[PDB]
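Residue numbers (the numbering used here): 167 to 266. Positions of the beta carbon are idealized from the N, C-alpha and C atoms, including for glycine. Okay, structure first, notes after.
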RNA sequence: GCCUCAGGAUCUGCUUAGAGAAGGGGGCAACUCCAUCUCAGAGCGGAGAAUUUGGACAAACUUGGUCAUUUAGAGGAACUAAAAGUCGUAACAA
């Protein structure tokens with residue numbers, strides 16, 4: 167019916183908020199640059215992949231607000247969130263040894 | 001009972017196959033991919049009990065027939081038997 171397509175519209179709208187946080191935090195290693203570590207840029211990208219895939223969407227939008235609060239200084243937000251995720255015990259510090 | 005003609009309860013796999021949507025991904029108006037619970041619907045199948053066509057092997061039973069060996073029998077004709085039964089004295093002596 168039309169109702170199922172309207173629900174599909176609602177669900178893709180809801181999914182739109184989820185995707186762009188995780189990909190904007192992908193890009194924020196590039197707009198804030200790799201902090202002198204483009205040699206381990208791939209390591210930075212996989213580690214922040216673990217960061218965004220270990221968290222929830224409310225601290226995704228909180229960290230998004232924090233990284234548009236400082237566009238060239240997102241590394242403090244990344245290391246802070248790394249400290250929170252290793253304090254949570256969900257994720258190991260050896261995997262995120264660069265920011266922790 | 002065995003071998004074959006069938007038979008198909010039942011069970012399983014593969015390819016899709018269309019749909020609901022879970023859920024994620026990428027261009028971010030589009031669109032595409034990847035998973036999932038479900039089933040229409042299609043073949044490709046494979047194993048497959050009960051039952052069943054025909055064949056041969058054929059126990060056992062019935063029917064006679066036949067062989068072999070025992071066995072009943074009124075009655076009959078025996079033969080033998082046994083210290084003195086009766087009739088005659090055929091034979092040994094020409």
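Coarse secondary structure for residue i, derived from DSSP in three states
i	result
residue 255	coil
residue 184	helix
residue 221	coil
residue 260	coil
Burial state of residue i (16 or more Cβ within 10 Å)
i	result
residue 186	exposed
residue 229	buried
residue 168	exposed
residue 248	buried
CA nearest to the CA of residue i, picked from the options
i	options	result
residue 213	200, 168 and 235	200
residue 192	180, 249, 209 and 254	209
residue 238	196, 177 and 170	196
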